[PDB]
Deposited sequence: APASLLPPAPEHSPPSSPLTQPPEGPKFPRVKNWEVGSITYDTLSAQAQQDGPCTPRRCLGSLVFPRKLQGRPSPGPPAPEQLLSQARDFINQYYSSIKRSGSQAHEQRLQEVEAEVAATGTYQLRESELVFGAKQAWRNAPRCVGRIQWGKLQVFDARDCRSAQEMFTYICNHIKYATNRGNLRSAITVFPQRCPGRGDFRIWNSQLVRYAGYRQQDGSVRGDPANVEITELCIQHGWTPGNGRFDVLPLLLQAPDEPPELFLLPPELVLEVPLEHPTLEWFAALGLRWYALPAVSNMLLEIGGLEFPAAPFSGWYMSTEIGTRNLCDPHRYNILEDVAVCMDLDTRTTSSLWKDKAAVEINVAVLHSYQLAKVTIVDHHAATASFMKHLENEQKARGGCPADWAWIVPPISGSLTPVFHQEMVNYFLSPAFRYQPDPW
């Protein structure tokens, strides 16, 4: 049982949950790959044992493990798989798995919220325009005039044979990525590839730096067809700075809903390739990674020129000074527009509070240090000096290949 120490207070705990599940990760005694983004790369006899496990702790979590419906719900499942080969989850199991996957996501820092998750059952889906309205209800519910609410909508579980539901966008709201005469980009370069497939399926492009891409949705077998998003529905915040009057004139906006639409939800040994979850942003994701990264909008030196910073030497810390202000403008703009947002300090302190909660409840908590520590001011936040264990529990959100 790993001795996990916190170097700031001195506290000692043991992660006893690290032993309680496996799905083997990347590291071996001869090298750790914890810093890698994808763990390497991406007859149903024990679909039962994955469902045996899930149902077993579902009843553990409501006391009623032991007799009654517990030793009874074990039978409906094994009977269902006996003659069907797959099975259906009771609607509360779906809600409980949906929340457990969140609780288990090692890379997520906002898990203090894991128990407030709105779960839209959409397994009754089978059409493209159908999904699109399920998405569009999600977006309106989650966005909620800028008082954001965690939400996931679960689309039908991939069945043995016959296709999958899949969203071709990384997120519901993504900006345009337009190449040109330079092989360079105006817009967002993370999404250059999907702008390829948007136009390749009938999308007429647009202006430039901030074009909200169209959803590319596909229902089993039938190929993907595009879908446009109502501008009345994609809520967005224009970026301004409380004291640098010129920041607004840079014409920067970012959207409000972080909703990732390409991961695969696994509950009780069923795989849901369409399961968009949605929360609210931590400020650094917008200010530091999305805007400041050299392979994203890369605004850093442009903001530094406007601040009159000495860009002639790295020891001026001009990159650091401008990054902070970019972050200040993000929090400020979202607060003016009354859009839910959290700063990395507030966020990390809540994760520390979560770690304590999980300590008494499950004797531990899987966490990926390199994703929990914010991409600026890391050592200034209480999670930096806190050791962390990373493992794979189920239910969980996983990565999956793209449809090409």
> Where does the model have holes with respect to the deposited sequence?
Replying inline: 1 to 27, 70 to 78
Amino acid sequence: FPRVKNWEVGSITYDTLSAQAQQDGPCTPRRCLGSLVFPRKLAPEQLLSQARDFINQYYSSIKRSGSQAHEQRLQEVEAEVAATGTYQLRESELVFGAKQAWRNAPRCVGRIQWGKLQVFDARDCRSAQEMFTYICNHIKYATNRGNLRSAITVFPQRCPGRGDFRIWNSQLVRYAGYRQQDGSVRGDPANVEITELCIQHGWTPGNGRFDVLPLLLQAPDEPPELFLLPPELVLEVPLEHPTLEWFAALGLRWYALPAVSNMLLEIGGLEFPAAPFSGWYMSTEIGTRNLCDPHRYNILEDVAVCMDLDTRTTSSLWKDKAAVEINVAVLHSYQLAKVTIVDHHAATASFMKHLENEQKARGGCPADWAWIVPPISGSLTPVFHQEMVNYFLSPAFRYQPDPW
From here on, numbers count along this sequence of modelled residues.
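C-alpha atoms forming the largest set that superposes within 1.5 Å between two forms make up the rigid core.
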> Core-superposed in 8 other deposited structures of this protein, which stretch deviates more in Cα positions, 318 to 326 or 175 to 183?
Replying inline: 175 to 183
> After a rigid core fit, does 142 to 150 or 201 to 209 show more C-alpha displacement in 8 other deposited structures of this protein?
Replying inline: 201 to 209
>> With neighbours modelled on both sides, does residue 40 go without coordinates in a third or more of the other PDB entries compared?
In response: yes
> For the C-alpha atoms alone, is the average B factor greater in 131 to 139 or in 276 to 284, going by the entry?
Replying inline: 131 to 139
>> Test of understanding: from the entry's C-alpha B-factors, which stretch has the higher mean, 373 to 381 or 64 to 72?
In response: 64 to 72
> Which one of 113, 88, 191, 315 shows the biggest C-alpha B-factor in the PDB entry?
Replying inline: 88
> What's the residue among 50, 340, 348, 357 with the greatest CA temperature factor in the PDB record?
Replying inline: 50
> In terms of the CA temperature factor given in the entry, to which third of its chain does residue 187 belong: lowest, middle or highest?
Replying inline: middle
> If you rank every modelled residue in this chain by C-alpha B factor, which third holds residue 209: lowest, middle or highest?
Replying inline: highest
>> Taking only the Cα B-factors deposited for this chain, tell me whether residue 31 sits in the lowest, middle or highest third.
In response: middle
> What third of its chain, lowest, middle or highest, does the C-alpha temperature factor of residue 389 fall into?
Replying inline: middle
> residue 258's Cα B-factor: lowest, middle or highest third of the chain?
Replying inline: lowest
